[PDB]
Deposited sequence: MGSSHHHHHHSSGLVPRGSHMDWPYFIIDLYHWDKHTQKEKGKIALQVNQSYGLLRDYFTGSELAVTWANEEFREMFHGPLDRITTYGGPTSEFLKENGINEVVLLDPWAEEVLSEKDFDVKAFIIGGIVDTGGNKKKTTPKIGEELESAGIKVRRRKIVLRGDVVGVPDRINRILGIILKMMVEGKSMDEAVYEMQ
């Protein structure tokens, strides 16, 4: 029912190896979502479509800004999965019609995801910045795009607690 959007913002600033890792994690995110239930990829340029080794016809790919995609589908509020957020994701956020995971890979960390939120709010989108924690700490939480999606799906579909979902995906 809800959209799981992978924001490919930052794409052209990545190396070819990092692009391949992002595309792989998107492919794994699709197969994982295929084992549950609606996967959307914004800023989805032609190079990503060429690197994506999965069924492009089975996912939603939008080449332009995430905000435009959200507005075209009547979504004014989203949940942005952000490890730097101060508030933890909870069941009070599962009524939102779109969850956004940043198409980001590290090579050592940097504060990259909240810039997506600032961009969305600058375009008029209400953004709930939500972090996933294990025992109140982001340490131990896998940050791969597919792993974050798996944690969310285990909480939303299987009713697992966050600690259970994180540890199972850890």
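Trainee: Got a list of the deposited-sequence ranges with no coordinates?
Mentor: Gaps vs deposited seq, in order: 1-22, 60-62, 133-134.
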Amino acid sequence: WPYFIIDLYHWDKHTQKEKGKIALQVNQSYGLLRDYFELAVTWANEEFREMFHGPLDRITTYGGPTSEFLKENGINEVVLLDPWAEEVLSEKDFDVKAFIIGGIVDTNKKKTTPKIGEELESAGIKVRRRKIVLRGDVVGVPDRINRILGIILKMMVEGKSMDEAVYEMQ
From here on, numbers count along this sequence of modelled residues.
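Trainee: Check the entry's C-alpha temperature factors for 24-32 and 121-129, then say which stretch has the higher mean.
Mentor: Comparing averages over the C-alpha atoms only gives 121-129.
Trainee: Look over 40-48 and 111-119 in the entry and identify the one with the greater average Cα temperature factor.
Mentor: Per the PDB entry, the higher value belongs to 111-119.
Trainee: Taking the values exactly as deposited, rank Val96 by C-alpha B-factor within its chain and report the matching third: lowest, middle or highest.
Mentor: For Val96, whose C-alpha B-factor we compare with every modelled residue in the chain, the answer is the highest third.
Trainee: Going by the recorded CA B-factors, say which third of the chain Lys160 sits in, lowest, middle or highest.
Mentor: For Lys160, the deposited C-alpha B-factor lands in the middle third.
Trainee: Lowest, middle or highest third of the chain for the C-alpha temperature factor of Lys19?
Mentor: CA B-factor rank for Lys19: lowest third.
Trainee: Within this chain, which third does the Cα B-factor at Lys13 fall in: lowest, middle or highest?
Mentor: CA B-factor rank for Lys13: highest third.
Trainee: Is the Cα B-factor recorded for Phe4 in the lowest, middle or highest third of its chain?
Mentor: For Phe4, whose C-alpha B-factor we compare with every modelled residue in the chain, the answer is the lowest third.
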